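In what follows, a structure is listed as structure tokens, so that the remarks can point back to it.
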Amino acid sequence: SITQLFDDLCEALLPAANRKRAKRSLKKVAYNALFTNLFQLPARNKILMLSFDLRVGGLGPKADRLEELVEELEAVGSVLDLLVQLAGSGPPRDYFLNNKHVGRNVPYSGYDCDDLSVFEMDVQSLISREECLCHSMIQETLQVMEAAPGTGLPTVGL
Amino acid sequence: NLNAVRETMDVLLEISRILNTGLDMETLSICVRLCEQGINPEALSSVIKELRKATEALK
Amino acid sequence: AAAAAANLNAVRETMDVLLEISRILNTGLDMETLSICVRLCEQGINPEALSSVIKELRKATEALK
Amino acid sequence: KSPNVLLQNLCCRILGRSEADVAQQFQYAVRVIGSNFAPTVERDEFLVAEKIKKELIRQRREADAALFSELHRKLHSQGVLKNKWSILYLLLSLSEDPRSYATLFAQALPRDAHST
Amino acid sequence: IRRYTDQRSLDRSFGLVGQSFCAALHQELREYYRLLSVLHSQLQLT
């Protein structure tokens, strides 16, 4: 029932390994903010508005995937008006781009040379992952090499 | 109805996963049921956003 | 202020000029729609896309005429 | 404005019908204008002025071809707009006769000699 | 490929399918020059 549906919302979004009084106190805040609101254009169009903002930043087939999935999702409309508010807030290969040597019915458009320099940034991203990792190994120990006895260690606290 | 509501839940899982929402399968089904009751979505948007800040200060 | 109201004056003049340019080349769009097209052209936009839309929305009322 | 809803404003401008009365034309427009919204061409209000002259000469009104030349002077006299190319190229795109060939006439660069 | 076309355009007894064949080898030199233009712009690389 509905007095449990906010509490189960409270449990799943709380991880684990006080925090045993906090669940029961946070369902109180869940009801206390339910009735702050209650005292005081279709649904699919907002999804079309976010897919447009995908298309401006590139990634066309992804926006086409969003819309082919919401055309069958018309068969829930009160869920999407909530979904669009949590689509901006987050947590706190293919070979057919530049290949014509496959198929038999394969396009002729010749060269590109307008994002083939951004086909080398495709490799710059991969090397920039594996160089940011070696930057996150040298700092987590350089914070250790300069330290003092028992300032972060509670073993001196015994 | 039941096969069609299974299919519409699956499609609803996919479009919230590529949009990279912090929610999961279970909390999607909870929120879907809460909106299926007739509860105002504008109020649920507050409790999810304030929970997802307030639960981290505990850990 | 006053100098911030004079900017809007230099926009209201500029739009009158754009309306004159619109009429001596003869579009079927009026001032109200044209202002929305001016909003679009402020962000920077290609008319190879826009003209098809205008000649389509004028073609979407021949069956509702 | 925000560019996503600004299209719907145009769609509700031409036909006054609601955005719940039709959703396919509106979807067709989010299909067409997105991935053709940011320019991939090099801008020139110069070249477009030199064909706006060629359009109004083709209608054989030479004084109005000199009237546009004054209106274009006014446009620079204010200086309240950044992209003066786009709207004139737009109004040129929607040209119509109130009363051939074009590939041998000047068009801009499609960024096949410049890439970032 | 350019040296061949340099003399065929002085030639006339090469039909008019040959002068359609070799005429559809002008675009194919052009696109090379387009590639080289893109490379020249980005030179100021390795």
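One table, with the values for the structure above:
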quantity	calculated
Pairwise centroid distance, computed over Cα atoms, of chain B with the stretch A:124-158, Å	37
Where labels lie 7 Å past Cα in the beta-carbon direction, separation of E:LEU45 and A:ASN98 in nm	1.3
Karplus (6.51, -1.76, 1.60) ³J(HN,Hα), θ = phi - 60°, over the stretch C:32-39, in Hz, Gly and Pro reported as x	5, 6, 5, 5, 5, 5, 5, 4
Local electrostatic count, C:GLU42, Cβ distance below 13 Å [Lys/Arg +1, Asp/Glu -1]	+4
In nm, spacing of pseudo-spin labels at A:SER109 and A:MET137 (7 Å Cα→C-beta vector)	4.1
Partner chain coverage, peptide B:37-45 - average Cβ within 10 angstrom	6
Cβ-defined net charge surrounding C:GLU13, 12 Å radius [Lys, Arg +1; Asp, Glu -1]	0
Candidate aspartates and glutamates - alpha carbon under 20 Å from A:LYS28, same-chain residues fewer than 8 apart omitted	A:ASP7, A:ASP8, A:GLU11, B:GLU42, B:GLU50, B:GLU56
Label point 7 Å beyond Cα of A:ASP64 along Cβ direction - residues of the stretch D:12-47 with amide nitrogen under 17 Å	D:27-37
Binned Cα-Cα distances of chain D, short to long, each 10 Å bin given as a whole percent	10, 31, 31, 24, 3
Estimated FRET transfer efficiency (A:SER117, D:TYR101; beta-carbon r; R0 30 Å; 0.05)	0.30
Cβ-derived FRET efficiency at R0 22 Å, B:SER29 paired with B:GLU50, nearest 0.05	0.60
Derived scalar couplings ³J(HN,Hα) [the stretch D:17-26; Karplus, 6.51 cos²θ - 1.76 cosθ + 1.60; whole Hz; x for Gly, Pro]	4, 5, 7, 10, 7, 9, 10, 8, 5, 5
Reachable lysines from A:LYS46, criterion Cα separation under 17 angstrom, eight or more residues apart if same chain	A:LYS62, D:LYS1
Cβ-based exposure ranking for D:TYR101, A:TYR31, E:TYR33, D:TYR89, in which fewest neighbours within 10 Å come first	D:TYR101, E:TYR33, A:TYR31, D:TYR89
Net charge contributed by nearby residues that have their C-beta within less than 11 Å of A:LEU48 (K/R +1, D/E -1)	0
Ascending count of other beta-carbon atoms within 10 Å, so fewest first, for A:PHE39, A:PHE96	A:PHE39, A:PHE96
Whichever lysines have a C-alpha closer than 30 Å to that of A:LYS23, once near sequence neighbours (fewer than 8 apart) are set aside	B:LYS49, B:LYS53, B:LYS59
Under Karplus coefficients 6.51, -1.76 and 1.60, residue-wise ³J(HN,Hα) of the stretch A:129-141 in Hz, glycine/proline x	6, 6, 9, 6, 5, 6, 7, 8, 9, 7, 7, 5, 9
Calculated Rg and Dmax of the stretch C:18-65 using C-alpha coordinates, Å	11.9, 34
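No Cβ is skipped: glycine too gets one built from the backbone with ideal geometry, and neighbour counts run over all protein chains shown. Read the figures in this text as sums done on the coordinates, not as results from a lab.
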